[PDB]
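The structure tokens that follow cover one protein chain in two forms, given apart as structure 1 and structure 2.
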Structure 1
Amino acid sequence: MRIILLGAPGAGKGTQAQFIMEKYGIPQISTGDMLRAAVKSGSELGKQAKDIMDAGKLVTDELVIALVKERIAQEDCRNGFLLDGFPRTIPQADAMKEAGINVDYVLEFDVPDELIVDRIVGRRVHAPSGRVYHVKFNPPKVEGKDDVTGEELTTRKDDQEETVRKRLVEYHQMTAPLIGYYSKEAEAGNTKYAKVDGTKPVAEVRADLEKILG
């Protein structure tokens, strides 16, 4: 089973990953890890990657596709793999197909921007420990306070409604054509594409995936 899991930054698609790994006996792959690991164990590619990163340059799609084709080449990817958030663009998806890397399913985990904004802006944290609290969800037992230390909660620069709304627009303008690319690949019959309403309770999303994947 080779699956591509797409979802907005903050949509919560990872919630369903452990489930997918445990059902199919496949590992989860992200290009970020993949890069950190290849540099570590100096291989040709990882040496090429390490150089670019050290020079403050962006890694070429050319390197990334080679590292993926290299990774999925292992024993652990015998049963398949769960590629988390890659590809990010059509040339990357195309480059994957040309190198013969095919996937059975492309799952788009869908949560509305308003709901993602909500899940994020209403988030408090105990600065000194990074302990998270969420005003509507998991509030601190003691309002505005760290149940443990007692010390008052702060908000992360990153969870600002403005910053959050910018990430989303960017994400959407980047991902829209890729989604269209996949839906047609599916119409073509080269893969299966599925949207997953991630607003549902986790147990229902899980049931939805079992129905979608077999």
Structure 2
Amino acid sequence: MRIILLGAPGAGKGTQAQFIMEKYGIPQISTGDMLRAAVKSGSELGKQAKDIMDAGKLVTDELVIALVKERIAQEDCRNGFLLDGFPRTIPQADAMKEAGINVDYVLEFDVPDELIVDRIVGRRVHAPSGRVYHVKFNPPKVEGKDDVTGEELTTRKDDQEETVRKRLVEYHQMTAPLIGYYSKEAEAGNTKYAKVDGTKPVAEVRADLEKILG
């Protein structure tokens, strides 16, 4: 089973990764994990990636696709793989096709923007220890305090509402054509495509996934 899982930043698609991995006996793979592992390994692609990253440059789509192709040839992908959060653009999807990398399902994990903003802006952290909380959905023991140390909890600057909203605007503009691309691929019989309501309780999402995936 070969699955691409797509979702907006903050939607929390990763909440279903372990369910999928355990269902099919497949690893969760990502461009970030692939790059880190390649650089650490000193492989040929890893050396190219390290030189680019060490200069503060972005790896090319061609190198990213080559890393995907290499990753899925590894023995742990014999049963398939869960490719998390990539492709991100039509050019990247077409490069997957040109390279010969088809998947069985593309799953779009949807959460409304306003709920994403709620899910994120309510987060609070204790930076010294990296413990995190949420005001409405997972309140702390003592209002505004880490129930351990009692130091004033903070909010991460990346989690500021205006930064969150800007990220979502950019994501939808980038992703709309890609969703349409995969719906077309499904119409052509090359893959299957389904949207998932990620706002539901996790067991409800899981049941919806089971109906999609058979």
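Between two forms, the rigid core is defined as the largest C-alpha subset superposing within 1.5 Å. Numbers given to residues start at 1 and step along the sequence of structure 1.
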Problem - Of the candidates 99, 127, 77, 117, the only Cα that travels 2 Å or more between structures 1 and 2, given a rigid-core fit - result: 127
Practice task
For residue 145, give the CA shift between structures 1 and 2 in Å, the superposition being done on the rigid core.
Solution key: 2.1
Completion exercise
Here the CA of residue 201, compared between structures 1 and 2 on the core, is shifted in angstrom by 1.1
Exercise for the section: Taking the rigid core as fixed, quantify in angstrom how much the C-alpha of residue 43 shifts between structures 1 and 2. Expected result: 0.9
